[PDB]
Amino acid sequence: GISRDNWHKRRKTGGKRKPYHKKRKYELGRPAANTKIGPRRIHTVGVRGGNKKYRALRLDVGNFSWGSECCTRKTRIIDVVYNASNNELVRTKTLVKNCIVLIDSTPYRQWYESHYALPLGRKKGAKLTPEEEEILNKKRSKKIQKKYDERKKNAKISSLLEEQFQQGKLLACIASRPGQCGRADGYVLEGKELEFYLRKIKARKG
Amino acid sequence: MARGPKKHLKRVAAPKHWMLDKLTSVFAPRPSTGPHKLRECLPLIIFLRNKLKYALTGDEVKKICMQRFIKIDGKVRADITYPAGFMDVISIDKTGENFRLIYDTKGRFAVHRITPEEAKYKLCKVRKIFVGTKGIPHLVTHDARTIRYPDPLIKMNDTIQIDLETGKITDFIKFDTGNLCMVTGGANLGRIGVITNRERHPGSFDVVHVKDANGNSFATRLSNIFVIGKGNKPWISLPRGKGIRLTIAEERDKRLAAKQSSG
Amino acid sequence: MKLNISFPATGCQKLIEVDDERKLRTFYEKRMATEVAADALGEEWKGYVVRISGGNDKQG
RNA sequence: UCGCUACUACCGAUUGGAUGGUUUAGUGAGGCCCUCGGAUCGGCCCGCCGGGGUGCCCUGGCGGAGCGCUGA
RNA sequence: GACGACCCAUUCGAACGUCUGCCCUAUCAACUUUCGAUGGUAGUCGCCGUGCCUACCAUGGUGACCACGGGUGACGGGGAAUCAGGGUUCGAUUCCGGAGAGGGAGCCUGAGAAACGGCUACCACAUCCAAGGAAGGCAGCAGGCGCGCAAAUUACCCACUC
RNA sequence: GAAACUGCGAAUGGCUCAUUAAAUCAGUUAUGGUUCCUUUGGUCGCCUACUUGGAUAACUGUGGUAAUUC
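Protein chains in written order, with PDB author numbering: chain K, 2 to 207; chain G, 1 to 263; chain I, 1 to 60.
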């Protein structure tokens, strides 16, 4: 119906070619996923040669990663901020490859606190002392220090990172096609990208 | 016509090395899918009534194959058509006969009878090396056998002897200059001669010179060469003719010399 | 119309033909698979309830 | 040149007629996708009986309640 | 032994893409573009590559070496007739490739179809009816009407070839 | 052993030349840009298991429509 033909469209000279063969099943469209954020709705689509293709509508979880220290945990996908293909897609909260979105930022802290033995940015130390100090202080004899010594000075954590934990959000990059895969996935922004997209955000809105 | 795959091949579309006539009807057998390619096959039924003449109609072959007197590559087959090609062994155990499919210098599949002892193995070219899962290797051959754990110095364009009984190759030949080779396709076909020289081009369609024991030099593409044994010493039995590739004048001279068309 | 009364504990079923408006008024303006009292159908029914399973319009 | 017959082409009022294809705008069948919709049909919990077991349990049969929760 | 299933290889292919090759016409010389024309960047879609499609951005692309437009009683090729040499003319038609099943469009099933000996709708036709409804597509083999200068049996049979 | 469910084929063939001027098509090349029924060869162990759950056809019986492989 809606098709992805190539026997339409002008040649280089501005010429036209007269109608040749009728539309066929291997040149075919099928309308866009237009996936949002919400409760999971998945549809299974039969596709050529078999080998079913998953189309995801309204995901709310993706597997992001923090490849700086190589941990990857499942985290909720809150809202869109920047979509580098169009401005309109952000307004209706459409989710596609290479967007910039927000997450809860929760397990990354839990991992950091247990492994590097330090909290991130904090409102107050009063919260920590009755519980959440129980993990941070430890009763080991022998391997209070012995393990943790090797973790020291490999946890400088950068300025633009640390400030974001306090808000409870982090900026990560969709590196999947949700409409073809059936899953959202990605990597979290680091380095110069994370400097770049801040400037685009503050430029465009506000 | 086409919307999917075809299931007919006519008489006149079919290759000329099956030596078909033109006064039986429009269709020809067409080999069904298998390890060999249809411009290199000899379909089974063409061996049984257009060569050896046991059968006379296609319905007779259907009554023969069901009885399970036929084998191919030491296993039992039971259909009108099977796509056996170069270097396979047919085995009828009731008559005590064994055949081999190999090329005349004319370039067509002949009758090359052999001892049953010879018919316990065949010679197979290596074409591709492919590392499988968890650090295990594979071979790929033209008869489409995947033989795991080969020796780690065997590479493509070599040939390997396979025991039909147990698989799992016992020995091999290494591709080297001065080893004896047979041709399997192209304009030169059925010629036997040593390698002599190689030629390489980065890209594709490298060629391979050849010379025989009649003092003639010729060349062919790389991928039409098949190794048969070390220099002037085949590790297989050879038919009459022996890759000489006589001119037409000399062939005339032989026939009028023996005066041979009667016994 | 007719009816096809059916007894599903012998597997038997029989016909009967009526055109009395009142007895059929019990069935009128109701969808399939509703149950209604068949006691309206006469004096040989007095604790029967039936279920209508459908039928055939005119022109089949 | 003018007069006589066969014959062919051209111009032409009629803003000719007929048939076919393009083209703006409006209207738009049918299917597909998406978002809703819930006719209707089941399952699992509490009574009585049957079987097994410790008034109660499991399973089967039968009825009714909330039809509660749940699937199609 | 039989059947089924996941993956890899193989076979039969399928689908896109490279370079070169074309009949008549200028009383057809400029053509193509936000109704994407050419390119860049990102995304959607698709079996995959790709302006295929969308957003943003650039202003290109093609032509006297004939573009663009129009015409063709133009399906293409393997070939055929004539012929000293060079040519000319023909190729609907038994092999190979392609396109189409009254005209258009959409779609189901399946590994493979935008299928018509499958389906749904519109349009042009034509059939039955108790007038409430229902059913159809011979460019398959025969056969009929029509059209014309112009073209065969409503025959016999799966034995051969598949 | 009729019938009926299930698997498979019906996308092959046959026919026509209407459309179609870099299109079709031919020679030559490319999948390191992809899909592939089938055959062939490999792949085959991180109060229920002495075998689990509940419906449909043929069939039996009663019908409707002028008419249909309804």
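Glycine residues also receive a C-beta, built at the ideal position from the N, C-alpha and C atoms.
Exposed unless 16 or more other CB atoms sit within 10 angstroms - verdict on residue i
i      : result
G/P43  : buried
G/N214 : exposed
G/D88  : buried
K/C71  : exposed
K/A156 : exposed
K/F65  : buried
G/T33  : exposed
G/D158 : buried
G/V208 : buried
K/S177 : buried
K/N87  : exposed
G/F130 : exposed
K/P131 : exposed
I/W45  : exposed
K/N35  : exposed
Boundaries (first-last residue) of the beta strand (DSSP E) holding residue i
i                      : result
G/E97                  : 97-100
G/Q161                 : 159-163
residue 272 of chain G : The structure shown does not extend to residue 272 of chain G, since chain G is modelled only from 1 through 263, so no value can be given for it.
K/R141                 : Per DSSP, K/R141 belongs to no beta strand (DSSP E) and is neither H nor E.
residue 272 of chain G : Past the boundaries of the shown model lies residue 272 of chain G; chain G is included only from 1 to 263, so the question cannot be answered.
residue 1 of chain K   : Outside the displayed range of chain K (2 to 207) lies residue 1 of chain K, so it cannot be described from this structure.
G/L42                  : 41-43
G/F130                 : 121-132
Spatial neighbours of residue i in its chain, beta-carbon cut-off 7 angstroms, leaving aside the 5 residues before and after
i      : result
G/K94  : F69
G/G241 : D104, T105
K/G47  : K53
I/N4   : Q13, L15
G/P29  : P43, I45, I46, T81
K/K139 : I145
G/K211 : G193, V194, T196, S217
K/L119 : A156
K/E191 : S69
Whole-number beta carbon distance between residue j and residue i, since they are thought to touch under 8 angstroms
i      : j      : result
K/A173 : K/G187 : 5 angstroms
G/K125 : G/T141 : 6 angstroms
G/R221 : G/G186 : 6 angstroms
K/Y27  : K/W8   : Not a contact, Cβ separation roughly 13 angstroms.
K/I136 : K/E151 : Contact flag wrong, Cβ pair sits at about 18 angstroms.
G/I114 : G/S237 : 6 angstroms
G/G74  : G/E165 : 6 angstroms
K/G126 : K/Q167 : Incorrect: roughly 14 angstroms between the Cβ atoms, too far for contact.
8 angstroms CB neighbourhood of residue i in its chain, flanking five on each side removed
i      : result
G/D163 : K120, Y121, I169, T170
I/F7   : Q13
Residue j beta carbon less than 9 angstroms from that of residue i
i                     : j      : result
K/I202                : K/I78  : no
G/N197                : G/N224 : no
G/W235                : G/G229 : yes
K/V97                 : K/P40  : no
residue 65 of chain I : I/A40  : What is shown of chain I runs 1 to 60, which leaves residue 65 of chain I out entirely.
K/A185                : K/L60  : yes
G/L23                 : G/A14  : no
K/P108                : K/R74  : yes
K/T95                 : K/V81  : yes
G/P137                : G/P116 : no
G/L139                : G/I173 : no
The alpha helix (DSSP H) enclosing residue i, as first and last residue numbers
i      : result
I/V18  : Unbroken run through I/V18: none, as it is neither H nor E.
G/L180 : Unbroken run through G/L180 is the beta strand (DSSP E), 180-183; no alpha helix (DSSP H).
K/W112 : 107-116
K/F197 : 192-205
K/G180 : 179-182
G/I248 : 248-258
Check: residue i C-beta below 8 angstroms from any heavy atom of the ligand GDP
i      : result
G/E251 : This structure lacks the ligand GDP; in fact it carries no ligand of any kind.
Other residues of its chain near residue i: CB distance less than 6 angstroms, five sequence neighbours each side excluded
i                      : result
G/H17                  : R108
G/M182                 : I192, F226, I228
I/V18                  : none
residue 264 of chain G : Missing from the structure shown is residue 264 of chain G; chain G here goes from 1 to 263 and no further.
G/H36                  : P83, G85
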